[PDB]
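Student: the amino acid sequence is not available; the structure is as follows:
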Ligand SMILES: C[C@@H]1NC(=O)N[C@@H]1CCCCCC(=O)O
Ligand SMILES: C[C@@H]1NC(=O)N[C@@H]1CCCCCC(=O)O
Ligand SMILES: [Ca+2]
Ligand SMILES: [Ca+2]
């Protein structure tokens, strides 16, 4: 406690040793006469290491002091090779400091001496950490590329600077240029480094991946660099023809799509916590890509799978609305007069008349729950909500159905507690399917969301009071009136089921508490959709997020669906003779 | 699945055959030496049809390759006449491709050869479909007019380009210019094509109608082209005099008004789904036209017809508030104790004392319903809500009155279900009559809408519980308290009629559900009118729509009203000697 306090002390301790060491002070003050009155008479320790393990030349390189540095190099040419022996700057040479300060005469003189163009500055200051204001890499060639000094860049290549060099994070000089603030100027420097590549199709510098398996083009999309992305897109697009205003350009569509497997631009954009990366799926090679995946295949399968989940949940309630008998049997109704339980457990089953109709319905609710677990549980092993918490709810729903199964086969009294949780988890997970005029567009999402919530809480409130006596607190004595009570409940017109002389079950005081919060948030999410659609162009901000939600869902539907359905995007390039990648044909009009 | 996938494959398949065919490749690459080393030794198939049924000249015309095209024309002058034999480009000649690319030297050379200036490019790419980025027509003259190349336009007329030419959609060159994005530049090209007209008053190019019966001037209004509309308005306005800043201009007002019959700019603007066309009724010849139609004749007749409909509905409730007797008679009141019915049916009528007063009232409710059907049902045969859903409700209201008549004459128990629907349909259709300070202006619409809704639901809730016992659930035991209960109901102050030990009729659980939604939307439409009037100039957006609603209603009132009322707009031009059209006198001041 802490680390920044140390370097703040060391930077003060550095200026303290510079103040003290006259050789280091004269190197800072550029006192030429004081350096000759020190190096020639009387011979002072010229290999003097300062507070940061720096030589007198390092100090002479920090402060642009060419006259003082040239004196230190002619009286002791060995100081050029000495790196910073400190921990904060372990590996930095006098060439690194001269390159960043863009001191061309000092760089030309250090290269004339013979300075190492491959020295890795592995100091803790040079790390890619949020507490370091700059991240340029380790090699001096990487420093020149980031300061925008094209003169030093080629001057280092002339002395044998390996552009293929990677730092401790496996980043080439191309990766580091994309992580820079000046995006519009780094595009110019990016093309300068590519010219010095081997010129061969194999072992390309643009193909050398990051240590996290990211080519520079791929890293531009994950980091949300629009300027570098559009620039890198030029190298991978081909214009077929120009018919007046139309321009039928053909995009490469290789590193932008599965598979893979985890390697694909789309999966990396929807799963990253970087908001800025959202904008990448709106670029002119990518926005055409997800819009076609959602028009065909995407939207129909989401509604086909949607209607299946609607039937699978209405069947679960069909077995809940007609749950198992019987009357109380027990005389316990006389003691503890606050109780209202006409408790109903089994079995006492089969017995079959109309009970096999619900047994096959209960069997569907079980085989569907494990199928839900058979497609989700093997997926958590390989987690970002963008995207909706549909997956978090779909696994806890099948968890409650299995618990209700284990609740059964034991004749437990608390049947109702796990079974009522699956009612809201089953329906409210339906409203996620609303992904399938903006005031009217967001209003229809409320009408969907609202009708979905009441069909999950009225079914719940029915079960909560299907056992309990309806003469007192009879808001839900049958299904058509449990729906109507809950509907009125949703708008606070009814005072809500309230009774204090009677002991209502533990689940009402819990389920109604959650119904009171969701009913207000949906009524609060409605006002923001009524005003936030008209008050400003924020409706665009209220819009892409949904669009990104649709894109996140479209990538989701492509992972588990087999290959016979959902054909690959684009057109393959084997016979016709483009190999072997799949290309997207895009034509655009200009005005 | 799909069609765009095919052309994406064919464009890739085209570049595949170009890659393969050396004659087609050299035509694309503009390889002059390779074309002579192919056409002279050894004689290759020069009539080579590519993937899109294109000749080597077509490829030489796609990519501006004049040197390569001139070689193909001197070695085989027959390639000029060959059109694209494919399905996507059926009819396109090498002249079409040269005109769009604005290759004047190639167009001058193709016309020197003798190219057809009347070749219709009937290919599927050239269709007016949303999946085609451009729509220029079929004839090469129409292509030049859309690219803005006035040099090619007159160069085609010099070689006999028929400006009277129509494509498959019956569109002249004037119609296609209005459907173009560059509106401010198409005005210049529009005047160039009109100069080459026959110069005769009859058979004018501006009068040649679309296949959908639309002159170019009329099409500009339907499509919402403001720049072309104001430009076309210059040709049909006459300035009478200039008295300083005043300019008394006289507008033609011919194709802007009925009749007709369906042919009129106003009816085409209010019935189209094109939002952009709304702006046309705000132009300086049209905005003066509907404002005079609404000031006189318009506003009074809407309130005269308004007060008539107010009396016709209050009479319907006057017969409902005093509906037919009698007591229950039946002992069924002891079994099914949940029931509260003191059911009342007839007849048991006449009997007449004060019952003839309601019989003539019931007779008015019948003759008025058929009259409503006599003015609406013959109108559906000849449907856009702009405009209000007043017509959809006014026909279903008279439907419920006729059903209640058929409900009667059979002594059916369910009298109440069709009769209660006509109460809300009758009143809530009144609030449409609110069409007759912006915060205060939209607030008075709420006070109208609110008082109209409660007078339709309190009358309904009264009927719902006029039969049922008032000792339990007695919110509506008489009319003055049914109104006061419902009024309090409208603001959720009262917990709403709630009872669970008693079986309330089927209509309360339905009518009160609709009362709970409309009462919140009117309270939500109020907040948007309180904030959306001040937060931005969106109040203009909240305003024209109402203005367009008033204009849509004004056109509605002019269709069924006879000719003796509502005189024609403007002044006729027969004696005085302007013939025979009706003109509007408009004077404007400038600063
Ligand atoms: C100024 C210090 N004195 C010195 O000789 N090297 C240091 C250079 C500081 C660079 C800090 C870059 C970073 O924040 O990581
Ligand atoms: C490029 C294609 N090659 C060719 O010879 N004709 C085509 C011209 C394309 C025009 C497409 C206009 C449209 O979208 O309809
Ligand atoms: Ca309240
Ligand atoms: Ca209350």
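Tutor: Perfect, I can see it now. Numbering: from 1, shown residues only, chains lettered A, B, ... in the order given. Ligands and ions are numbered 1, 2, ... in the order given.
Student: where does the stretch 301-450 of chain A get nearest to ligand 4, which residue?
Tutor: Of all residues in the stretch 301-450 of chain A, residue A:450 sits closest to ligand 4, at 21.4 Å by Cβ to the ion. All C-beta atoms are positioned from the backbone trio N, CA, C, and that covers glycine.
Student: need the contact list for that residue.
Tutor: By Cβ atoms under 8 Å, 6 or more residues apart in numbering or on different chains, the residues touching residue A:450 are A:490, A:522.
Student: the helix or strand hosting it: which residues count as buried?
Tutor: Mapping residue A:450 onto the secondary structure by DSSP states H and E places it in helix A:438-466. Neighbour counts over helix A:438-466 (16 or more other Cβ atoms under 10 Å in any protein chain shown) mark A:442-443, A:445-446, A:449-466 as buried.
Student: quick one, what contacts the residue of the stretch 1-150 of chain A found nearest ligand 2?
Tutor: Among all residues of the stretch 1-150 of chain A, residue A:150 sits closest to ligand 2, at 39.4 Å; criterion: Cβ to the nearest ligand atom. For residue A:150, the set of contacting residues under the criterion of Cβ under 8 Å, 6+ apart consists of A:188, A:189, A:192.
Student: can you tell me which of those are buried?
Tutor: Once neighbours are counted (16+ other Cβ under 10 Å), the buried part of those comes down to residue A:189.
Student: of the contacts of residue A:150, list those near ligand 3.
Tutor: Of the entries in those, not a single one is placed beside ligand 3 under the rule of Cβ under 5 Å from the ion.
Student: among the contacts of residue A:150, which are in helices?
Tutor: Secondary structure assignment (DSSP state H) places A:188, A:189, A:192 from these within helices.
Student: what's the closest of the residues you listed to residue A:513?
Tutor: residue A:189 (59.4 Å; Cβ to Cβ).
Student: how much space separates the closest one from residue A:156?
Tutor: Residue A:189 sits 13 Å away from residue A:156, going by Cβ to Cβ, to the nearest Å.
Student: before we move on, back to that, distance to residue A:513 added to the ones in helices among the contacts of residue A:150, as CSV?
Tutor: As requested, the ones in helices among the contacts of residue A:150 are arranged in CSV below (distance: Cβ to Cβ, whole Å):
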residue, distance to residue A:513
A:188, 60
A:189, 59
A:192, 64
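Student: for the stretch 201-350 of chain A, which residues are neighbours of chain B?
Tutor: Within reach of chain B by Cβ under 8 Å from any Cβ of the partner chain, the stretch 201-350 of chain A has these residues: A:240, A:241, A:242, A:243, A:244, A:245, A:246, A:248, A:250, A:296.
Student: for those, which one is nearest ligand 3?
Tutor: For these, the nearest to ligand 3 is residue A:296 (47.2 Å; Cβ to the ion).
Student: re the thing from before, ok, the residue of the stretch 301-450 of chain A closest to ligand 4 to residue A:533 distance?
Tutor: To residue A:533, residue A:450 is 18 Å away according to Cβ to Cβ.
Student: again with residue A:84
Tutor: Where residue A:533 is concerned, residue A:84 sits at a distance of 58 Å (Cβ to Cβ).
Student: which one of these two has more residues nearby?
Tutor: Relative neighbour count places residue A:84 above the other of residue A:84 and residue A:533, with 24 against 20, counting by other Cβ atoms under 10 Å in any protein chain shown.
Student: okay, and that one sits in which element?
Tutor: Residue A:84 is part of no helix or strand, with elements assigned from DSSP H and E.
Student: mind listing what it touches?
Tutor: Taking Cβ under 8 Å, 6+ apart as the definition, contacts of residue A:84 comprise A:52, A:53, A:54, A:58, A:90, A:91, A:92, A:93, A:121, A:123.
Student: just the ones of these in helices?
Tutor: Where the contacts of residue A:84 overlap with helices, as defined by DSSP H, the overlap consists of residue A:58.
Student: and the contacts of residue A:84, which is closest to chain B?
Tutor: The shortest separation between chain B and any of the contacts of residue A:84 is 49.2 Å, and it belongs to residue A:121 (by Cβ to the nearest Cβ).
Student: backbone phi and psi for the closest one, please?
Tutor: Taking degrees, to the nearest 10, you get phi -80, psi 90 for the backbone angles of residue A:121.
Student: you'd agree it is up against residue A:94?
Tutor: No: under the contact definition of Cβ atoms under 8 Å, residue A:121 does not touch residue A:94, with a separation of 11.3 Å.
Student: between these two, who's got more neighbours?
Tutor: Neighbours were tallied for residue A:121 and for residue A:94 using other Cβ under 10 Å; the higher tally belongs to residue A:94 (31 against 24).
Student: and the more buried one, how far from residue A:156?
Tutor: When distances are taken as Cβ to Cβ, residue A:94 and residue A:156 turn out to be 14 Å apart.
Student: same deal with residue A:220?
Tutor: Following Cβ to Cβ, the distance that separates residue A:220 from residue A:156 is 24 Å.
Student: what residues does the stretch 301-450 of chain A have near ligand 2?
Tutor: If contacts are counted using Cβ under 6 Å from any ligand atom, no residue of the stretch 301-450 of chain A sits beside ligand 2.
Student: domain parsing of chain A, as residue ranges.
Tutor: According to the domain assignment given by curated CATH domains, chain A is divided into the following structural domains: A:1-283, A:284-568.
Student: tell me which of those domains sits most buried.
Tutor: For the domains of chain A, the largest average neighbour count (mean count of other Cβ atoms under 10 Å in any protein chain shown) is found in domain A:1-283, namely a mean of 18.
Student: determine which residue lies closest to the centroid of chain A.
Tutor: With distances taken as Cα atoms, centre = their mean, the residue of chain A nearest its centroid is residue A:272 (1.5 Å).
Student: quick one on the thing from earlier: wait, which of the ones in helices among the contacts of residue A:150 is closest to residue B:554?
Tutor: Minimum distance to residue B:554 across these is 62.2 Å, recorded for residue A:188 (Cβ to Cβ).
Student: point me to the residue of the stretch 251-400 of chain A nearest ligand 2.
Tutor: Residue of the stretch 251-400 of chain A nearest ligand 2, by Cβ to the nearest ligand atom: residue A:288 (15.0 Å).
Student: now that residue, nearest residue through space, not along the chain?
Tutor: Take residue A:288 and drop its neighbours on the chain: the residue closest to it by Cβ to Cβ, 6 or more residues apart in numbering or on different chains is residue A:586, 5.1 Å away.
Student: buried residues in the helix or strand encompassing the one you found?
Tutor: Element membership of residue A:586 [criterion: DSSP H and E] is strand A:582-589. Neighbour-count burial for strand A:582-589 flags A:582, A:583, A:584, A:585, A:586, A:587 (criterion: 16+ other Cβ under 10 Å).
Student: in the sheet, who's paired with the third one?
Tutor: Beta-bridge partners for residue A:584, by DSSP bridges, are residue A:251.
Student: separation between it and residue A:568?
Tutor: Taking Cβ to Cβ as the criterion, residue A:584 is separated from residue A:568 by 11 Å.
Student: check the first one too.
Tutor: For residue A:582, the distance to residue A:568 equals 6 Å [Cβ to Cβ].
Student: same check, this time on the second one
Tutor: Residue A:583 sits 11 Å away from residue A:568, taking Cβ to Cβ as the criterion.
Student: also the fourth one?
Tutor: The span separating residue A:585 from residue A:568 equals 14 Å under the rule Cβ to Cβ.
Student: kindly report the same for the last one.
Tutor: Between residue A:587 and residue A:568 the distance is 21 Å, computed by Cβ to Cβ.
Student: again, but for the fifth one
Tutor: Distance of residue A:586 to residue A:568, computed by Cβ to Cβ: 17 Å.
Student: got the residues of chain A near ligand 1?
Tutor: Close to ligand 1, as judged by Cβ under 6 Å from any ligand atom, chain A has residues A:52, A:54, A:58, A:62, A:89, A:125, A:126, A:132, A:133, A:134.
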